[PDB]
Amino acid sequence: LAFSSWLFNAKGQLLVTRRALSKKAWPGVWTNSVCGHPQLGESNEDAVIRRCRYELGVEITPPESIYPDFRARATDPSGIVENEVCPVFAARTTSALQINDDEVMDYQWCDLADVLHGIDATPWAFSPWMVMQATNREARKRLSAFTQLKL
């Protein structure tokens, strides 16, 4: 049971993050903005809001559900197996990042189209869930909606 979220700023840029060197699974790997696990009795929406605060010190708009049926298994460079129920969301940040370096060792604000081109060309350089989520046609169209400038 898990969630993933793709965050955009009001200008429509996508935030990509790099998992800290100390993460158990996929340490050091570039990936979409945030992922995690809801707590007992917590909605996925509220888990997203909570983890964005926790890993990125940031506030967000109401998370939109963009890939509710996403579920996968993937094995990490060290063999850690992960099998997850992981509905995907998108939101916009409404405040500045304040980075938790226990979780995130780097990040970049990027153009979605560049990120998609990188994912499509060199998927091995990104976490496997970032790639499997972004290559879903419907989810990808939702990411594109979040690139619009919001004034």
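Residue numbers run from 1 along the displayed sequence.
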Averaging C-alpha B-factors over each stretch, which comes out higher, 46-54 or 66-74? 66-74
Tell me which stretch has the larger mean Cα B-factor in this entry, 107-115 or 35-43. 35-43
In this crystal structure's PDB entry, the residue among 60, 90, 121, 85 with the greatest CA B factor is 85
Highest recorded C-alpha temperature factor, please, choosing from 21, 130, 139, 25. 25
